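Novice: The structure is given below, and queries will be raised subsequently.
Numbering (PDB author numbering), first residue to last: 1 to 179.
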């Protein structure tokens, strides 16, 4: 009813843990709205569950925003991740290409040369490719969306058009994923 099956199931990337993938995009207003609720949910999630946030690209212009996510993670600035949403949606900053992104990161204390180097790195390119591979295998059709255990997919729309309802379904799917 409030979720769909992923067939064939996706293989697990975290032994002994149930993976929850939140597929998101920085440009998605609902991803921005749900982000603090996801961060709060992650604080109380079961210890055998791991949350991964996976940036997606439905058109090629979204690929720099995938690179931005993995660049901030590689620079060990996860504090800047929620601030990207705020900068784009509340402060109306146009953080849509590498140049604007690097200027914004530099204003946040990131060395510009390191940002630019990491943004172009093979490691980031591989993570972006993997993010799009995961979205393809999970049969993504919008954001925000949640894949649970590599086997089930839900979203606020599927869970009765409600953010908290989506996370309640995620909780139900976690129990199901343990069998």
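From the three backbone atoms N, C-alpha and C, an ideal C-beta is built for every residue, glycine too.
Going by CA-CA distance only, name the one from 65, 48, 113, 136 that's closest to residue 8.
Specialist: Ranking the options by Cα distance to residue 8, first place goes to 136.
Novice: Counting Cβ pairs, one atom from each stretch, are 3 or more of them under 8 Å apart for the region 12–26 and the region 139–149?
Specialist: Short answer: they touch.
Novice: Throw me the rounded Cβ distance for the residue 119 and residue 93 pair, which I believe falls under 8 Å.
Specialist: That belief does not hold up - the Cβ atoms of residue 119 and residue 93 are roughly 17 Å apart, past 8 Å.
Novice: Which runs of the alpha helix (DSSP H) at least 4 residues long sit entirely within the region 67–100? Give them in chain order.
Specialist: Counting whole runs of 4 or more residues, the region 67–100 contains the alpha helix (DSSP H) stretches 80–89.
Novice: Rounded to whole angstroms, what's the CA-CA distance from residue 51 to residue 113? Just pull it up for me.
Specialist: Looking at the two C-alpha atoms, the distance is approximately 30 Å.
Novice: Quick one: what's got a C-beta closer than 8 Å to residue 2's C-beta in the same chain, skipping five residues either side?
Specialist: Around residue 2: 154, 158, 159, 160, 165, 169.
Novice: According to DSSP, is residue 37 helix, strand or coil?
Specialist: Looking at residue 37 - three-state DSSP - the assignment turns out to be helix.
Novice: Output the distance between the C-alpha atoms of residue 109 and residue 115, rounded to the nearest integer angstrom.
Specialist: Whole-angstrom Cα-Cα distance: 11 Å.
Novice: Which residues does DSSP list as the beta-bridge partners of residue 136?
Specialist: Beta-bridge pairing links residue 136 to no other residue.
Novice: What residue from 177, 176, 130 has the CA that sits closest to residue 54's CA?
Specialist: Checking every option, the nearest Cα to that of residue 54 belongs to 130.
Novice: Take the Cβ of residue 124 as the centre, count every other Cβ of all protein chains shown within 10 Å, and call the residue buried at 16 or more, exposed below.
Specialist: So residue 124 ends up on the buried side.
Novice: Spatial neighbours of residue 70 within its chain, please: C-beta separation below 7 Å, excluding the five flanking residues on both sides.
Specialist: For residue 70, where only same-chain residues beyond five positions count, the Cβ hits under 7 Å are 124, 127, 128.
Novice: Would DSSP call residue 143 helix, strand or coil?
Specialist: Reduced to three states, the DSSP call for residue 143 is coil.
Novice: Could you check what DSSP says for residue 29 in three-state terms: helix, strand or coil?
Specialist: Of the three classes helix, strand and coil, the one that applies to residue 29 here is helix, per DSSP.
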